[PDB]
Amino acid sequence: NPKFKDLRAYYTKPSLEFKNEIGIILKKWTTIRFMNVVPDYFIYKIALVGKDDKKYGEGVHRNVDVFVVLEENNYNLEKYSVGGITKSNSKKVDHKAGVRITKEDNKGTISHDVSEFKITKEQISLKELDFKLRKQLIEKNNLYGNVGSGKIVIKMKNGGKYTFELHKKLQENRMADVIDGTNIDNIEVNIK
């Protein structure tokens, strides 16, 4: 009940997608480092968390895509987002993955729904997957209305999996983890 409010608000935030941009990293001036992205005359500050800190050194980084979710921060920054950095596509991707949703309402009834998640990137961040999928589950399945727990599992063609626990926000460090979008096989969602 109480926890759903915060999650529903976060996962209904607006997002932005920047592709084929350049990232600019200057000397560390605070506790976390940032990649600056300037698509159209405003500077986006992307926190470098988890694996991204060692992945991007000072200087210019070409072929950068960013999945952006602006949010509040303790650094006094106006256009701040965490993770979501990937390598731009070498060429167009036109792929898709079936989503299988099992939901048990607050009355015990078990239902099923299906959707198709469209994949247009070779490399996709767990940030993007987690965010887009939860937003879809809120809009179409009322996630965080009556029920707000369970899991999203991204199943890969090689047998790998990536799990997002629905009762809390995706851990920040994992927002920088990236996977092969073309190798996503299907997605399983269980809400309870």
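Residue numbers here begin at 1 and follow the sequence given.
The stretch 105-113 shows the higher mean C-alpha B-factor when 105-113 is compared against 118-126 in the entry. Between 39-47 and 138-146, it is 39-47 that carries the larger average Cα temperature factor according to the deposited entry.
Comparing the listed residues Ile22, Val178, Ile184, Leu170, the entry records the largest Cα B-factor for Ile22. Per-chain ranking of the deposited C-alpha B factor places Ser90 in the highest third. For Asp53, the recorded CA B-factor ranks within the middle third of the chain. Only modelled residues enter the ranking. The deposited CA B-factor of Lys132 belongs to the lowest third of values across its chain.
The PDB entry assigns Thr31 a C-alpha temperature factor belonging to the highest third of its chain's modelled residues. Among all modelled residues in this chain, the alpha-carbon of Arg62 has a temperature factor (C-alpha) in the highest third.
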